[PDB]
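*Asks:* What follows is a single structure, and I will ask about it in a moment.
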Ligand SMILES: Cn1nc(C(C)(C)C)cc1NC(=O)Nc1ccc(Cl)cc1
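In PDB author numbering, the protein residues as written are 5 to 31, 36 to 169, 184 to 352.
In structure tokens form, the structure reads like this:
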């Protein structure tokens, strides 16, 4: 068992094993640090008050369960996890160690002239990562460029860290049923912004958002109005100047016509028609990169915990178990 050392960092105290040197803040909260066991440079997040409340403690436990299960290269992975505590009773603090990645898709897209080749490779890696996540019955629900870690090899990982811009219409008419293809909506929103340099749908709020979305894809016709339960929603949507679906080739006129088509298949209002990750990875656009023998799915994820109402000490303790049974990767 490791031997620790304490430290005063940006108000916050920090106690991590000595395998970790030259901790310096990056913005719970995060330090860039040096992994002496591996030479490699890592991210260390101290969760902020992991067990302050039921919602906190269940979050913390969901956090540890998600990171622990994620083993794919376009998705954040967990190198190490630790607490300074020796007992369940002591147990108050949780630290997460992960690959240092530094920059996000924002830090790229706003200061590098992007080819169509970058676009292809960046979307392809989102989608392959989305495939793996979707296969475990996890929906991300918040895909946006700050949730995509990109390195200098332009190599990409998904994680969780203006939301509404990338959100499906149906998650703004708080529907709660969502298929996985809320994520393919965000992906479409992201790809377009790469091709283009501009936010596809910069709603000024959740009312604007829909105006803006409807302007491009058009108001829903009969087949779609059928599936809308709420008297509210239908009353709102049916209450607009009925709108034409715009011609994507016009909207994204200079773009690669294969990327355009893919957007069409991605930004479909009725989420039964949205292409999936597995299907997009096959679209012509990614023929440079596609490889059906290198597009793994995830082991089954047990997430029945999600519907337990538990006390702080049960979540806590479950979290402790989880820290304990941690085996590093290979
Ligand atoms: C909550 N969550 N969900 C996912 C997905 C959906 C991609 C599996 C990933 C995460 N969690 C994180 O991304 N957690 C995390 C931990 C340390 C750092 Cl430096 C940054 C982020």
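All residues carry an ideal CB built from backbone N, CA and C; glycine is no exception.
Can you give the beta carbon distance from residue 209 to residue 135, rounded, assuming they're within the 8 Å contact cut?
*Replies:* Yes, residue 209 and residue 135 are in contact; Cβ-Cβ is about 7 Å, under 8 Å.
*Asks:* Taking 7 Å as the cut-off, decide whether the C-beta atoms of residue 105 and residue 30 are in contact.
*Replies:* Not a contact, by the Cβ cut-off of 7 Å.
*Asks:* What is the rounded straight-line gap between the Cα of residue 311 and the Cα of residue 60?
*Replies:* Approximately 45 Å between the Cα atoms of the pair.
*Asks:* Using a threshold of 7 Å, state whether the C-beta atoms of residue 281 and residue 164 are closer than that.
*Replies:* It is not a contact, given that the beta carbons lie outside the stated cut-off.
*Asks:* In its own chain, which residues sit with a C-beta less than 8 Å from the C-beta of residue 286, not counting the 5 before and 5 after it?
*Replies:* Taken in chain order, the residues that qualify are 270.
*Asks:* Name the DSSP bridge partner or partners of residue 132?
*Replies:* DSSP, once it has assigned bridges, lists no residue as partnering residue 132.
*Asks:* When DSSP labels each residue in this structure, what does residue 311 get in the three-state scheme?
*Replies:* The answer is coil: DSSP assigns residue 311 none of H, G, I, E or B.
*Asks:* Measuring straight from C-alpha to C-alpha, what distance separates residue 278 and residue 225?
*Replies:* The straight-line gap from Cα to Cα measures roughly 26 Å.
*Asks:* Determine the DSSP secondary structure at residue 299, reduced to helix, strand or coil.
*Replies:* Correct three-state label for residue 299: helix.
*Asks:* From the DSSP output, in three-state form, read off residue 304 for me.
*Replies:* In the structure shown, residue 304 sits in coil (DSSP, three-state: anything other than H, G, I, E or B).
*Asks:* Apart from the five residues on each side of it in sequence, which residues of its chain come closer than 6 Å, Cβ to Cβ, to residue 284?
*Replies:* If we look at residue 284 and ignore the five residues flanking it on each side, its Cβ neighbours are 305 and 307.
*Asks:* Tell me which residue opens and which closes the beta strand (DSSP E) that residue 27 is part of.
*Replies:* Run containing residue 27: 24-29, per the beta strand (DSSP E) assignment.
*Asks:* If contact is defined by three or more beta carbon pairs under 8 Å, each pair taking one atom from either stretch, is the region 111-127 in contact with the region 144-162?
*Replies:* Short answer: they touch.
*Asks:* Would you say the region 58-78 touches the region 315-334, given that touching needs at least three Cβ pairs under 8 Å?
*Replies:* In short, these stretches touch, since the Cβ pair count reaches three.
*Asks:* Between the C-alpha atoms of residue 335 and residue 65, what's the straight-line distance to the nearest angstrom?
*Replies:* Using only the alpha carbons, I get a separation of about 8 Å.
*Asks:* Can you tell me where the alpha helix (DSSP H) with residue 211 in it begins and where it stops?
*Replies:* That run of the alpha helix (DSSP H) goes 204-218.
*Asks:* Among 162, 148, 242 and 83, which one has its Cα closest to the Cα of residue 123?
*Replies:* It is 162.
*Asks:* By the 10 Å Cβ neighbour count, where 16 or more other Cβ atoms means buried, how is residue 357 classified, buried or exposed?
*Replies:* This structure leaves residue 357 out entirely; the chain is present only between 5 and 352.
*Asks:* With a threshold of 6 Å (Cβ to nearest heavy atom), would residue 17 be considered close to ligand 1?
*Replies:* Result no, Cβ not under 6 Å from ligand 1.
*Asks:* Pick out whichever of 254, 77, 232 and 319 has its Cα sitting closest to the Cα of residue 265.
*Replies:* Of the candidates 254, 77, 232 and 319, the one whose C-alpha sits nearest the C-alpha of residue 265 is 232.
*Asks:* Report the partner residues of residue 17 according to the DSSP bridge assignment.
*Replies:* Looking at the DSSP assignment, residue 17 forms a beta bridge with 12.
*Asks:* Rounded to a whole number of angstroms, what is the C-alpha to C-alpha distance between residue 301 and residue 14?
*Replies:* Cα to Cα, residue 301 sits roughly 46 Å from residue 14.
*Asks:* Note the first and the last residue of the continuous beta strand (DSSP E) segment covering residue 49.
*Replies:* Start and end: 49-54.
*Asks:* Could you please give the first and the last residue of the uninterrupted beta strand (DSSP E) stretch that includes residue 37?
*Replies:* Looking at the DSSP string, the run of the beta strand (DSSP E) that includes residue 37 is 37-43.
*Asks:* Alpha carbon to alpha carbon, how far is residue 95 from residue 341?
*Replies:* Looking at the two C-alpha atoms, the distance is approximately 13 Å.
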